[PDB]
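These protein sequence lines are chains G, L, W and B, in that order. All letters in the first sequence, in the order written, are residues 1 to 485, 496 to 740 by the deposited numbering. All letters in the second sequence, in the order written, are residues 1 to 636, 653 to 749 by the deposited numbering. All letters in the third sequence, in the order written, are residues 88 to 137 by the deposited numbering. All letters in the fourth sequence, in the order written, are residues 238 to 722 by the deposited numbering.
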Amino acid sequence: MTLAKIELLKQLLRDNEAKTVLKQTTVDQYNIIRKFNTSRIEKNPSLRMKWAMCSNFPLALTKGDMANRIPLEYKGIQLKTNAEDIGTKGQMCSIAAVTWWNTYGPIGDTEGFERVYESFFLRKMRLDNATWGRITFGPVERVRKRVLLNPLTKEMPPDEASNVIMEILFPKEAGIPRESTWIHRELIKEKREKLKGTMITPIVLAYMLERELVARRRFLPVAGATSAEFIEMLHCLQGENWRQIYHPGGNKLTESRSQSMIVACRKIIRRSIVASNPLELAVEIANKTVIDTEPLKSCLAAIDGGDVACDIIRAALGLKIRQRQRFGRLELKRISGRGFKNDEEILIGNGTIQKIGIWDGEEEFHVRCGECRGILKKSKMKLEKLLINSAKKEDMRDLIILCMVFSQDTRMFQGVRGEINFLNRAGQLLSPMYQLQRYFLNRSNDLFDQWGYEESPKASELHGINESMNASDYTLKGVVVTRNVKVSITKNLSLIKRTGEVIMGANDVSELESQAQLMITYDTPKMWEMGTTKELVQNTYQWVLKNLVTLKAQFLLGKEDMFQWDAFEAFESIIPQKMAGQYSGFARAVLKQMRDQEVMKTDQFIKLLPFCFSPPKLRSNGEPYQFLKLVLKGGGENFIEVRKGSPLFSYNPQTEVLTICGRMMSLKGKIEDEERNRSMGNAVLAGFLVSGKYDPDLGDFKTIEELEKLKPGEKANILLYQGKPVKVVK
Amino acid sequence: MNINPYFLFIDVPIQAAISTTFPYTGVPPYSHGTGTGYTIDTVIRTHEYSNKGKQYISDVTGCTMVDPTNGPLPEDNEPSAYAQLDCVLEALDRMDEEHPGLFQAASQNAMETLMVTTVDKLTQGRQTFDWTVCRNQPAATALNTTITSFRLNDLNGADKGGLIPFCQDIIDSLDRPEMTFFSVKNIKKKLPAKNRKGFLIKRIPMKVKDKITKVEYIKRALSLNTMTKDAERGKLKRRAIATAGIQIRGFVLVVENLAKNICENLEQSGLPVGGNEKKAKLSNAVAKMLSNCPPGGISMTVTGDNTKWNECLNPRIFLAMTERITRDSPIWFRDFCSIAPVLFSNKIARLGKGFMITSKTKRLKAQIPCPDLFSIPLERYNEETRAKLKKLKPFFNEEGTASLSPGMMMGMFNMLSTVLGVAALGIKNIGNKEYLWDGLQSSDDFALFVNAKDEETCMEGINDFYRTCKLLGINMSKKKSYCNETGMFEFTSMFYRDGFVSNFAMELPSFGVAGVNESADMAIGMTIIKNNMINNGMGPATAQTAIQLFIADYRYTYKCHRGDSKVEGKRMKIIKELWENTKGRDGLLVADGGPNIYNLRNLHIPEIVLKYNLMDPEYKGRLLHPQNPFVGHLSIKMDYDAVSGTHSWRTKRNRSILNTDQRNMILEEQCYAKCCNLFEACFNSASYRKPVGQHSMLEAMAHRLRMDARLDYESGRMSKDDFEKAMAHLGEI
Amino acid sequence: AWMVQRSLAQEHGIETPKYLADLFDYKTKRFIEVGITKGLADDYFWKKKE
Amino acid sequence: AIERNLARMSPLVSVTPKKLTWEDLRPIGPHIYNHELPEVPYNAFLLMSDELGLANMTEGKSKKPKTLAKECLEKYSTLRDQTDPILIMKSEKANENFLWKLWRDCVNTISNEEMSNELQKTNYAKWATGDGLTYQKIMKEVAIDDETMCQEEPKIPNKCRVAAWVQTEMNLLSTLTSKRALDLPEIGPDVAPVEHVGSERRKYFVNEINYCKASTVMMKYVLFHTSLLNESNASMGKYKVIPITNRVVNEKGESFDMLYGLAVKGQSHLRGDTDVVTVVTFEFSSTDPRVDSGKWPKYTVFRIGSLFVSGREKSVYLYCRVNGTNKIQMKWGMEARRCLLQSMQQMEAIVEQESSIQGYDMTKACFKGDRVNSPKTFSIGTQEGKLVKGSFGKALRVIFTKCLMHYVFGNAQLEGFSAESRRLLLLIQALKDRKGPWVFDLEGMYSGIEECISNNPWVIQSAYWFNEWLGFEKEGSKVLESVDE
RNA sequence: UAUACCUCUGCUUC
RNA sequence: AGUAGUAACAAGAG
């Protein structure tokens, strides 16, 4: 081919224009003169196409033999014309010409096509091999999060990916060697072998490669599943008001299980905590929870990960409990010692105060980072011993650094320079320790210098190393490189050991409620119970409205019989335990007001009745806690106003329409006659009634702190919702 | 019984059924003829809002300049452009104090970006004002002409590759006393022929050197083109939009990159936040303001919108903004960033085509160019234009352009202005009054939350915000903006009501056939449904309906109905044959009169990939023939997943150029195309990766081909004949 | 230069030098790095060897 | 600096806020009720409710349009043979002779035995098409010297008043028929439950629209524009006759081809997208224009026979009109099926929201009711000054119709009116929810809205409807105003 | 103016 | 005429 290129080059160089262009234009400017054309940007292609398709010869052919294999006409139909195209300088043709070519054109080589477009076919097998489940109608909280749209072969930054693609497709033109080549040599080898014999143009191969190397991460409304092979089917997985169980084919990652597992366990626990005999619920649910296809049993059994909740469940079903931790890249297992977190303020090296949770108590861990293994012995802000093995320098280093940071040593804390409050690329503030990790992983010289050194061990099997990860007589203070490489569970989900000591705290799991990775399923009646705030709220109030007929009747018969009902246990799992009782004691009183006295409000009854499950808590006086709004867990939106309506709960008396989390309900035909001019002051505060209307002489609208301190039989002004003054008495 | 579609709103609230208030099935309004009136309107109003400032004649251009900044404050609600520098600087200082490190970090990022930024970067600016021919051209061509022109004035910054030397050459070219540039003119030449008379006359084009004086060049370099905006929805009357030259692009890029790097880290800026993420920002920003003041705390939301947004904001402020933001940066970068505002501060506005005068008696019409605009009694113009032209005079130039010192053009410094808005949002309080405001900004559109104890205070907070914004040259629309108790609001056609509701109408026009080609438009068509199901709340039934409607539109547009159907047409006649011939009919694409196999679950799968196993070997062979002529030389806004097959074709070029004087550009184009097509054969990666080098484009090919020859010889591919021939050829080169 | 180096290395079938060499011997199939020192050569040699 | 400036700035600079009360919401467009103005005239491209389609039973498969119209006219020869014009009403600046000549030329041209659907470029055709009516371009040098030449004062839309034909169009287009017109193609087989739910939903949602009137009208517009665009580009310089065709299926399942009329394509050398092609419509009807003359000032109506419509005889009129369109509107015509999606989604949202509340597919419940629940009922419209409850399907069809009318009358007035009125809507919602909404310059909103009410039927009707609704809401407010207090 | 009942053009900007 | 609506087309060019 070279001879042809040179010949064409010589033939081209004859043209003085082309010669001057080739001589004057630079390799950079190639990028400019390539995009030079008479063409204009189509501002209305939707139209221009519909127009163009009604013309005789809208399409432009490429100049070549394959074009010449197309005839001018065919059975009367004009396929193409003699007139050339301005751009291609090839013949123009009608769309028919495509239909001809597809029917009677030359049969070309398609060998390799499947391997080239493998990325797409993997979707087709991920659908074809998939298995569908149940569809369920009911509310769905969608959280809008950045997610990976399609599953990749191996995620790289664009710069790193392009070089690999370059190594695969155009090895001679790759230029300066990068480390990437050595890291992905096997991938390169593979793709090179897979894409060898194909006849498809390289520019396509680079595109398909870039598609399966470079990541497409985008913000989407998600609920439950967040793995790529779920995201790619997201449109079918869920709606706002429905759910669809979907099990994609192909292999699934282990870490993807490890991710969901934790959320599942935490979510089981958070529910089972409020109900008496937590273990019973936890076991009942955990028995019948499913992660995509694997049961939680099989997962917890097979995977050696977990965190806190996982162990608690593991001990609830009956199996070993791997007390393993993860500090970024550092993986830990617990050998002995149970430390306790305490929030203190530390003045860090650079000269700034930082609120950090220091871990009190001695602890010993079996440690591993990448390829480097060891044993860690630490105490309150001190590395007592670090017994590691020899491995790759970066692993040894990062192991030692991650151990130094994890140990929260003052020698580490007092080794900071500049600033360590940088955000991530998206613009999110990292946590105090992970910031120090992210920092000292980069700038370690300050740490190593500030650490200090000492004599190495003179035992034959033991050795010491220095800052550059090399053997030395003067080792790092507390660092050593050696050559050698039953439990029960309480009713309240705390794990006890034979000696009576407790190792797992039920109140030691994270409250952070994150989105899972795989399909979290609850093969039981009442799935909702393990749901989000609003889901539970809505389902609860729905369950109330559904049984309002009896619930409103029994409230004139059974005293405290309703307040405790199966359905409300779930609801309570939303409420802050530090307020549940205070709320219940208030709601029960305000309800008992409407019961014992002749002032009912069905819309309120419905609103408060769920809050009365938790055992109540009154003040020292016997009076309950007064409230403007009852807050719930997560999201500043989630609260129930007492006087006014709220993002979760509001009532429209004009149409007698109750709004629950956006959904509409009709109370018409379930409201008493005298609720017309029935002010709300008679069900806003417990032990309060409306006397008259706003009397200026009483003064301002008295706040709760005042209202609670007012003596019985004393008038005061209260504001229900904006523009509704009321005069109330105790 | 009289039906009333509004009565639905008795049952379903307006946000819940907001989709029914958008007539996006209808036609959007297009412009007709000239936009000179609309441009002149903007020129008059822009000065109308600043005429109480400082008038002065620019000694450089000779133009009439108006300066409102640090001028007398307004005593009325008429759009004020009289911003106060100090207040802007304070508003900035607040932002820097609450966001320390960002100001310099963004500048460093933008600087380190700039340093790497090459010249070719400018080619992706779409329509650009070419100063050589004084017309809107493709950015690449407008750039190329500017480089080739610069080369004649001994300015070879582009040859280095980086943007900095080019920009240097740009600010340097202003100093040139006479700017020379190419202009093509034709020549007859007798080419030999077999034509009775043994010859033929073909008009060979040739380039001619043409000169412009310093001032006339500077005036063009400072000029902005104008045109009426078509298809603008939700508005009665039309309006004008502008287009910039090649000079200012490089300088704007950096400023917007800086403003982007800033905005990214702001929490009250809705830019460059994706529409999906804007909700993630907004709902949270609301959630914060909700649970902040429990005790009778009236949180009010204000649905904001600004008037004369572009026509009030002044470059002179943006200059100060750059000067402040670039505090810690070195001098050269400050000088670099300072330029674009300086240009926009002294910009000139072109007035489009002109005005068409006619006689109905004689049935005659004629366009009057902007130069000849005043070469006629003003009484011969209509009543409004007569009023406009009189007002235009003081800002009118001999060559038929309008001086326009103040104001910005539609869509220029979106980021940097959004920053100025956020800066307004950053104050939050004034005089320690019992309220606190926060909000989200997006160019001319903003949403303002205000928390306080009683609404009487909230309104005064809003009033304070208004009166504050006045000092920044930001003018709130009293007519279009409205306030309400927090819970529901509107922002950039996104409707919040205790949670953002869907607005399916907005995206409905996108459902139609896009107009790329048969291959792409399918993928696009399904992907749009797939996405709208996720984001915009489209149920499975409606989605499955859209799946049908799109195929309906697709088959009519591309005239490819079912092979079994009996719809007649040139293509259909062959489609039916293909239907009769093919065995695996379900393997046929819809474009080939095949059956639609798509449903909800496989929207995300390309049709070829779906049907591949169902195709016949000859059909897939023909359909995916590697060297088929229909697909051109490909080179690597939304992207789609599709397979390169015969349906992946490109249309003919617009031929109207053939019978105009721009024929040249066809030869000029193809002349490059040949060199690039060859250079791509020498360097296969050129299509994928941008080649780099300040050396000769020929040299690379020579060396590469020499090595190819040597290695092909020594390896044992080429024979001694071919090698000696190759080296003999190359030797001459 | 890199295209030449990589073409040679790939065509001959050997590892690509991580740095840019100066010459290449066709008979030996070996890249060559030339050094011009002022003082001693031995000093400049083993420094390159690193 | 900020505060020091704010101190010295004039008090006159303010936002002048005011809390919104219902009585402040004065009815929009006070002039649309004024009888001193002319009532808004029908200005669509084709007929909608008044349409009359000549039905021809076929196999149910595509044939050539000329052949179709030929066979249809062959079936209904009595009208086709009528060469005797009985003029009923005449558009002010029309020409009876030319139009009837054009009609006869169309009828005969289509009825003939040859392939071509081209019309001879006669004088009447040249008039109806508007041949050579473009002005001649000249040099600026000349025009500058010519003192008689002037800039034309622009034509501003006339100020029309309310007309009942719109109301009736709305009342009728939303009604059910026994005739399905949609051409919905096939889709892939169902596998996932979601697809089965969707498919099962479509049976309720789609058919409810397909059986209704507006569907046929829409399909007519679409299929017409589809061919008109093709002729406009394929045969630019040729005057061509195009039939107003629409295939239809009755409840028994028999494919009737419907011919509503014949149209004459003008000269279409369309360069710019906005460039106009003049199209002359001849459309069958059963409506006596003398009844509602104010509706048809743009039309010229003949009386060309009679038919046994609903058992009894009905007089067949021919509505003749000179019209015009362009590439944009033809394309947007071709993309008018979407009028479904906008109306179908909006209700499926309600079906889904309901299904959320009761945990199962509430479609059948919403439409027909079921064992547990009653059927969904909406406030559908007024009747002698009182509300009326319409079913889900009606509420759906009303929205579909509205969405169709959005296209059929879509222009800058509609855009501006919708956009600017949407605000006042939102405010009214804020009032309905008692969220104490404040306004800064209401006269601005109003002035912004009311300038968009000139001569667009749907706008002028929507204003009236808006005022009626706004009226009925204020009666509702009286319930809330005295709650608690 | 003539060729020109010819030729080119349908987003190609002056 | 008509389309249309603050200005255009109802062919343009050699």
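Even for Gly, the Cβ is constructed at its ideal location relative to N, Cα and C.
Please name the residue or residues paired with residue i in a DSSP beta bridge.
i         : result
L:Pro-138 : L:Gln-127
B:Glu-276 : B:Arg-398
Which residues bound the beta strand (DSSP E) around residue i?
i         : result
G:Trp-132 : 131-137
G:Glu-84  : 80-84
L:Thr-326 : Careful: L:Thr-326 lies outside any beta strand (DSSP E) and carries neither H nor E.
L:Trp-437 : 435-442
Along chain B, which residues have their Cβ under 7 Å away from the Cβ of residue i?
i         : result
G:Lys-50  : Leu-466, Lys-568 and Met-571
L:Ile-551 : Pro-422
L:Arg-363 : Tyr-372 and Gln-373
In angstroms, rounded to a whole number, what distance separates the CA positions of residue i and residue j?
i         : j         : result
L:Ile-18  : L:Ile-10  : 13 Å
B:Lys-502 : G:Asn-662 : 57 Å
B:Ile-347 : B:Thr-315 : 16 Å
L:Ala-83  : L:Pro-341 : 16 Å
L:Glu-216 : L:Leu-549 : 56 Å
G:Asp-606 : G:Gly-691 : 16 Å
G:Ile-513 : G:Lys-320 : 13 Å
L:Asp-728 : L:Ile-749 : 19 Å
Need the endpoints of the alpha helix (DSSP H) that residue i sits in, please.
i                      : result
residue 750 of chain L : No statement about residue 750 of chain L is possible, as the shown extent of chain L runs from 1 to 749 and does not include it.
G:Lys-556              : 543-564
L:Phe-465              : 455-472
So which residues on chain G does residue i lean against when the C-beta distance must stay under 8 Å?
i         : result
W:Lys-105 : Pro-177
Below 9 Å on C-beta distance, what does residue i contact in chain B?
i         : result
L:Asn-463 : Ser-251, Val-252, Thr-253 and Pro-254
Closer than 7 Å by beta-carbon distance: list the chain W residues that pair up with residue i, in chain order.
i         : result
L:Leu-373 : Chain W residues near L:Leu-373: none, gap ~59 Å exceeds 7 Å.
So residue i contacts chain B; which residues on that side make the cut at Cβ distance below 8 Å?
i        : result
G:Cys-93 : None at all; the shortest Cβ gap to chain B is about 16 Å.
Check whether the segment 573-584 of chain B touches the segment 124-131 of chain G, counting contact only when three or more Cβ pairs, one atom from each stretch, lie closer than 8 Å. no
Could you tell me whether the segment 580-590 of chain G touches the segment 704-716 of chain G, using the rule of 3 or more Cβ pairs below 8 Å? no
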